[PDB]
Amino acid sequence: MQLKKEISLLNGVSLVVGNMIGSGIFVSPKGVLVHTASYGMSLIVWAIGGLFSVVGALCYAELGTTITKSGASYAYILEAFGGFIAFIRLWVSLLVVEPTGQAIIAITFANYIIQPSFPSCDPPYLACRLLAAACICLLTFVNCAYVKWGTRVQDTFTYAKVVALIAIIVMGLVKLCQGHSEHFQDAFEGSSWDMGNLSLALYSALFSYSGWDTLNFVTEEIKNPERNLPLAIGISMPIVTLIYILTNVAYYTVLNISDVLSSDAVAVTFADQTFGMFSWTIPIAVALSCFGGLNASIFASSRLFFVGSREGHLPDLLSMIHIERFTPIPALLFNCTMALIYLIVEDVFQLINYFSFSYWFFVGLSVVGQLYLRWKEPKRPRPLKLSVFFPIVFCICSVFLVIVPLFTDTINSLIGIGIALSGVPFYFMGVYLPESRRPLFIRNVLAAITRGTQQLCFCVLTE
Amino acid sequence: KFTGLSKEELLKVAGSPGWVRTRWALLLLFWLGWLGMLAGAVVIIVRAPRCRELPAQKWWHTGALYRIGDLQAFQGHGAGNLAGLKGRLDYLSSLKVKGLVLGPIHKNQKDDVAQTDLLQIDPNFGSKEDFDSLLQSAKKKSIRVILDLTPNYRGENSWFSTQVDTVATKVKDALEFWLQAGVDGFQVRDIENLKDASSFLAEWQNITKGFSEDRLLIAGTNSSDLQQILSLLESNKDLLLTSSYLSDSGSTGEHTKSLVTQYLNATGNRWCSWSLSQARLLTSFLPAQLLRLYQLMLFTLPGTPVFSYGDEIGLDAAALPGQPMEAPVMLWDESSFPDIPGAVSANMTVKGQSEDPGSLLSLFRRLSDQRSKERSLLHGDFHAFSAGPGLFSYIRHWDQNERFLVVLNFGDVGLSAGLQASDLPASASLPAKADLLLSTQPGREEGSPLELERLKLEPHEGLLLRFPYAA
Ligand SMILES: NC(=[NH2+])NCCC[C@H](N)C(=O)O
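So the sequences go chain by chain: A and B.
Yeah, the first sequence ends on 501 if you go by the entry's author numbering, and it's all consecutive.
Yeah, the second sequence ends on 631 if you go by the entry's author numbering, and it's all consecutive.
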């Protein structure tokens, strides 16, 4: 009952692309424009942020072919660094990174599926929450029934949103090269070359490329984890970078920086401006995007928790697998329950302030772990070893990305450190002490409840 | 000890009828709860009320306007040309305006009508091509440009009183010529001086509307009574009519309340233009302690607010000695007026005021930011309710965007804002405690939701309270 490697190259490309291109390019490509205030330098910052994210993705290709173990930030931290920081990553990704991520993506799905019915005002909060919870439950059931159903949902919907972004880019280039070329005549004017603006420009050009390693969270289920993973990342990164640059070319050709910077739904404003009829195509597109980019944070997180239960940190339950269909049911139910719990909170969009120092700290610490491996143990079987230039420059970039939310948002990021650190009690009280030394009553009730949910969830431990 | 049951049990003790029936029941209860979540979503989507339609306003609603009464007196000597002004479009867009009005740039000498035409650029200001480059740079920086077509702008009579038919022809062909050139509107002044005002002005309106629907024609009259306003505004309804209808005010709260409310009830809550005159400044009719008060009202009345050049700093035409009243000079820096230097203070130039939040230019920038970006001010409905003896209190609410409330102290003593309304619709439910975006007088902190009962209004203090969509 091993996890039954059933992911192809196209499915890996679909996961990565489907995890990067989300609501981060349709509702707010302003984080760069608001701190650059021009077109040419904004496109250059997009290109350069993309180049740095590509160097990072190549770092992770090297990693995910060296270790070949799921999680990509809980096994890579685990090996060569030890149990402690591994469990710290798993804790912050169980409390306020994966639940908040999926809850926000589902809430944006709800907001932009009914937006064509509620254009100018605020949709009823009740409908937002109920429809987002229904979307999460449907995606958890899909990913439970058959892993192939999850891969097919992800593939279909990343096809849909890539077609929508192709439509945007094509309309932008048509308007550009038809007769107008109106804003791209004296670009770079009014820009700000003082580091106090280009810093935040790049730092918000990186939060738009986050998600280029969803495929490394499930390295173990890939067909040929030594060839399909790096080839899949190398087929994804250029596609996402080119789509980002050309989509912003479309926006800046049709719309004006000001309105863009004002459009809470920049792509919706673009639809209203250029799509005379069929203005309800881009809201549908953002809805399909948030759906196919939720099934990439449920087909990649519920494997993180899986590796978690496998190494001994989380109860052995989350390691089970359905006998007849080979899908990690209990991990999926744990992730669905986490997301639905973190849907009760009003305004979860603020929780992007508590992990914007934890997520990138842990990506950077995985990179530091790769460098630690390269130095200490250079005799590993490495089916590809890229030049240390890539890990070192991406480590410097991640030092940038984890110091920026430490200068500003300092109280928030320190509460995020408090959240991540809150796991150390569970670690030093229940995890570190070995079996036969933990209390008999708690272990007995865990045995009873594991037997219960294992008989109910219809799952078994890996063999 | 114990361990997860082997698949063997998963095959014997789990496949028992009881456990499989329980599992089927759990799954079916799940899908019942999920069809229930869908039913809830789909029913609550038809429970919240529909979303009102945006009136799809033109450009001249999306922000204030702005006049350049004379190109030369705006920046100063030497650079008093269109190409020189082309740099100031980085300054103007800091004020966050969505308009502009150049002065009459056609060649005009004096009463002589046979030589003065409305097409030839007066060469002392520049040429055609620099003008087109100015227009293109403006367009690029989201600032539409208007143009003044008052023919006899150098002379007492402005319409060439001798003749009326051929000047109409000059205006006729100049409209279409400059519109092909790329101007985004037109204005004329002293329409009460032009005989056959209503009909000729309606004809020019038809011209500028036939060329496009995002063009503008603004007529300015020195009138001060509402009756003249209506009598000229019967056949023309797309005509922002800037007049001295307000400037005659004695700054009495009840007087200005009656005045604005009567103007709106006479035009039936149409779209109007709020200014004190056709080209005069604010300070030419208002004391300096009253200016913040007015500029808080003009940026919140349901219309397009129309300021002359220099009324974003409080430029006075009488404070600086030896200054021409009709066309003062803007005060950029200490070197703005090289004559009798040293008297130019630091709080009187745009430079020294641009950094102080408790200045007047800061008030202008924050207001014109709250105007050109917030829905409920751009086109929201306007409803005034009574208040204390000498106050001015109203509410701006569109559908569900941030609902604004304004109150203004038109008195020289400490007034009390009673704020009893009892008459606004249910979509205008007053909160007992309301926010505060800014105040004409520094001393009340912004971001403090203040209760709507105990309010003591110091002399000439304005209030821009805010609250979200309440039910
Ligand atoms: N597994 C993940 N990294 N999930 C997060 C995906 C979010 C992605 N940065 C986006 O642009 O929406």
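Where is the CB? At the ideal position from N, CA and C, for every residue including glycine.
| Check | Outcome |
| --- | --- |
| If you draw a straight line from the C-alpha of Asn241 of chain B to the C-alpha of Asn284 of chain B, how long is it? | 8 Å |
| Alpha carbons only, please: which of B:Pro462, B:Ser411, B:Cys432 and B:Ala477 is nearest the one belonging to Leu441 of chain B? | B:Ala477 |
| Should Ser52 of chain A be counted as a contact of ligand 3 given a C-beta to heavy atom distance under 7 Å? | Summarising the ligand content, the structure contains ligand 1 and does not contain ligand 3. |
| Assuming contact is defined by CB atoms lying nearer than 8 Å, are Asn286 of chain A and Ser302 of chain B in contact in what I supplied? | no |
| Let me make sure I understand the geometry here. Which of B:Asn382, B:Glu373, B:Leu451 and B:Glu472 has the alpha-carbon closest to that of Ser528 of chain B? | B:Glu472 |
| CB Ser80 of chain A to CB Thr74 of chain A, shorter than 8 Å? | yes |
| Quick one: what does DSSP say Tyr397 of chain A is sitting in, helix, strand or coil? | helix |
| So, does the stretch 445–458 of chain B touch the stretch 599–612 of chain B, judging by three or more C-beta pairs under 8 Å? | yes |
| What separation, rounded to the nearest whole angstrom, lies between the Cα atoms of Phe395 of chain A and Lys167 of chain B? | 43 Å |
| Provide the residue span of the alpha helix (DSSP H) that contains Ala328 of chain B, from first to last. | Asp325 to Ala341 |
| When we look at the beta-carbon of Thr322 of chain B and count the other beta-carbons within 10 Å, is it buried (16 or more) or exposed? | exposed |
| Does the Cβ of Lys258 of chain B have 16 or more other Cβ atoms within 10 Å, making it buried, or fewer, making it exposed? | buried |
| Report the three-state DSSP secondary structure of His539 of chain B (helix, strand or coil). | coil |
| If we count the other Cβ atoms within 10 Å of its Cβ and call it buried at 16 or more, is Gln216 of chain A buried or exposed? | exposed |
| Give a single yes or no on whether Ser383 of chain B has its beta carbon closer than 7 Å to a heavy atom of ligand 1. | no |
| Would you say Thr285 of chain A touches ligand 1, meaning its beta carbon is less than 7 Å from a heavy atom? | no |
| Grab me the residues of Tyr629 of chain B's own chain with a C-beta within less than 6 Å of its C-beta, minus the 5 sequence neighbours each way, in chain order. | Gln560 |
| Taking the straight line between their C-alpha atoms, what separation do you get for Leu424 of chain A and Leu521 of chain B? | 57 Å |
| So within the stretch 103–174 of chain A, which uninterrupted alpha helix (DSSP H) runs reach at least 4 residues, ignoring any that extend past its ends? | 116–119, 121–133 and 136–151 |
| Check whether the stretch 251–263 of chain A touches the stretch 43–52 of chain A, counting contact only when three or more Cβ pairs, one atom from each stretch, lie closer than 8 Å. | yes |
| Is the shortest distance between the beta-carbon of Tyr629 of chain B and the beta-carbons of chain A less than 8 Å? | yes |
| Less than 7 Å separating the Cβ of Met376 of chain A from some heavy atom of ligand 1? | no |
| Any heavy atom of ligand 1 closer than 7 Å to the Cβ of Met457 of chain B? | no |
| What are the boundary residues of the beta strand (DSSP E) that includes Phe627 of chain B? | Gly622 to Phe627 |
| Just how far apart, CA to CA, sit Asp408 of chain B and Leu386 of chain B? | 12 Å |
| Would you say the beta carbon of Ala144 of chain A comes nearer than 7 Å to a heavy atom of ligand 1? | no |
| Quick one: any contact between the stretch 296–307 of chain A and the stretch 81–90 of chain A, if contact means 3 or more CB pairs under 8 Å? | no |
| Within the present structure, is the beta-carbon of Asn49 of chain A separated from the nearest heavy atom of ligand 1 by less than 7 Å? | no |
| Show which residues of chain A have a CB atom less than 8 Å away from the CB atom of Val173 of chain B. | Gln493 |
| Would you give the residue range spanned by the alpha helix (DSSP H) that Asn569 of chain B belongs to? | It is not in any alpha helix (DSSP H) - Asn569 of chain B instead sits in the beta strand (DSSP E) that spans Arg563 to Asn569. |
| Say the cut is 7 Å; is the CB of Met275 of chain A nearer than that to a heavy atom of ligand 1? | no |
| Under the rule that 16 or more other beta-carbon atoms within 10 Å means buried, what is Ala199 of chain B, buried or exposed? | exposed |
| Taking the C-alpha atoms as reference points, what is the distance between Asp290 of chain B and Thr368 of chain B? | 24 Å |
| By the three-class DSSP mapping on this structure, what secondary structure does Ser553 of chain B have? | strand |
| Identify whether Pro465 of chain B lies in helix, strand or coil by the three-state DSSP scheme. | strand |
| Is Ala338 of chain A near ligand 1, in the sense that its beta carbon is under 7 Å from a heavy atom of that ligand? | yes |
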